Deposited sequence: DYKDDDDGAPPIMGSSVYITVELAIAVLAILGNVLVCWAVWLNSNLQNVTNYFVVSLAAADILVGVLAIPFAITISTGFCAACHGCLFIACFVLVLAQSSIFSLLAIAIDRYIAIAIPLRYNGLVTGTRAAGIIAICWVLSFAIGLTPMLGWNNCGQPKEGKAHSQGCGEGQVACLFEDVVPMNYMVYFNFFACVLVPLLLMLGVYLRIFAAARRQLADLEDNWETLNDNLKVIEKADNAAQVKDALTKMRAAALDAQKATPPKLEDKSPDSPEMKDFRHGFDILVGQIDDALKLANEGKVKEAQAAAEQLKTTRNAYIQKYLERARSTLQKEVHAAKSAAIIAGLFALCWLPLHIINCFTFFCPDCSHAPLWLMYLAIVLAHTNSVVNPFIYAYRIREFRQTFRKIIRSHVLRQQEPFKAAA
């Protein structure tokens, strides 16, 4: 068929994706810029990622449309057209890894997270990540390209001038770079690191929930022990275990009452006043129902929240992988199997369109899983 027809379908889909990418990610940026409840370190990496997607629509997709035509161009200019999307993809990877690490710090060490992770260092990290993304993505421009061995015939058939080439991705970008350097080292390794980080996150959260329920169970079971005890030494056993568990749970003003009441009962148990020690320990039920239950519930709620936020971040990371892996896998076949027939052109553009689609989904994930983003989107739209 006349190449323009299939091209028209590919171009039309690309432009539609560009519109949606720009609109959605501009909305994310606007939401963070207005709402102070969304202005944190985590959402600063979210904005860095949104900027990458905005640039995908404004530059990467136009570049992709351009390089699909095979227009005559200087090989190094064609190279920039081809590799700029690699810059944006690498920036996305760094932002995703930063979010994963930020969440891990938030749950692993909630105490020092406020001082360890701050917005100033975050801005510096984002800057560095963009510089390294330009370095990685544009590494072919430094010499790892196929400009030294142009396809002279394909340049003459299209009437390209002296020093020009038919600007085609696989003609100028080496495939060993895309497979070994870009995919394996710069895409797959970071993603597997993110996987390990999120496993540590969820493992931690599960362990802390188990610790909370364990401390609640021990506090009630030793209460039963104190009830049915028969001598002062046994009451002392249960209470000593209690006191340690109390100063323990305090770490991860009502507790003051608790530990104090344990001390009262423990002193009276040391005086051989068994009976009055169970009464003094039975006072603990009051402190538990009014103070230790509320703490258990509030803490469990906060950890469930951290799990939810981590799940949202992992969803976006996984969607990034889902959208980009097909193109990388096609490159692996093009590189590792020269005996295989190259992936058909329609499948190539389907994979490119999918990678680009990734720049549209993140705003939707925010709106469907994060209430603050959802409500801010609503306010912006209604106005």
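Task: Segments lacking C-alpha coordinates (deposited sequence numbering, starting at 1) - done: 1-8, 261-279, 411-423 are the stretches of the deposited chain that have no C-alpha coordinates in the structure.
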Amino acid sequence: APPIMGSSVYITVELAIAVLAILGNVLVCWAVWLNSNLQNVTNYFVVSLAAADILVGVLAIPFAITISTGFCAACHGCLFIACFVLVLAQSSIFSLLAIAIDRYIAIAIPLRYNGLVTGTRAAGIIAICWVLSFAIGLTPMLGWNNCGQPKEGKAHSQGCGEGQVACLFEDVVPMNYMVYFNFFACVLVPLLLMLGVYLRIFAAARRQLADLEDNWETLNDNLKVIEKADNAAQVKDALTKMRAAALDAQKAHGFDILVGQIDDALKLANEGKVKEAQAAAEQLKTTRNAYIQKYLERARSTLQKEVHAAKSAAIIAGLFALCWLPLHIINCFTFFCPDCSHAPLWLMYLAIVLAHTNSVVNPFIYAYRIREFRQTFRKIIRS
From here on, numbers count along this sequence of modelled residues.
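- [ ] Compare the mean C-alpha B-factor of 98-106 with that of 290-298 as given in the PDB entry, and name the stretch with the higher value.
- [x] Comparing averages over the C-alpha atoms only gives 290-298.
- [ ] Look up the CA B-factors in the entry and say which stretch, 150-158 or 215-223, has the higher mean.
- [x] Averaged over C-alpha atoms, the B-factors run higher in 215-223.
TODO: Select one of 114, 145, 90, 176: the residue whose C-alpha shows the highest B-factor in the crystal structure entry.
DONE: 114 has the highest C-alpha B-factor of those listed.
Open item on the list: Checking the record values for 311, 200, 76, 267, which has the greatest CA B factor?
Closed with: Checking the PDB record, the top C-alpha B-factor among 311, 200, 76, 267 is at 267.
Open item on the list: How does the C-alpha B factor of residue 306 compare with the rest of the chain: lowest, middle or highest third?
Closed with: Middle third of the chain for residue 306's C-alpha B-factor.
- [ ] Sort the modelled residues of this chain by their C-alpha B factor and say whether residue 71 lands in the lowest, middle or highest third.
- [x] Middle third - that is where residue 71 ends up once the chain's C-alpha B-factors are sorted.
TODO: Tell me, lowest, middle or highest third: where does the Cα B factor of residue 185 rank within its chain?
DONE: Lowest third.
Task: Where the record places residue 164 (Cα B-factor, split into thirds across the chain) - done: Tercile = middle for this residue's CA B-factor.
Open item on the list: For the chain shown, is the CA B-factor of residue 281 in the lowest, middle or highest third of its modelled residues?
Closed with: It belongs to the highest third of the chain when residues are ordered by C-alpha B-factor.
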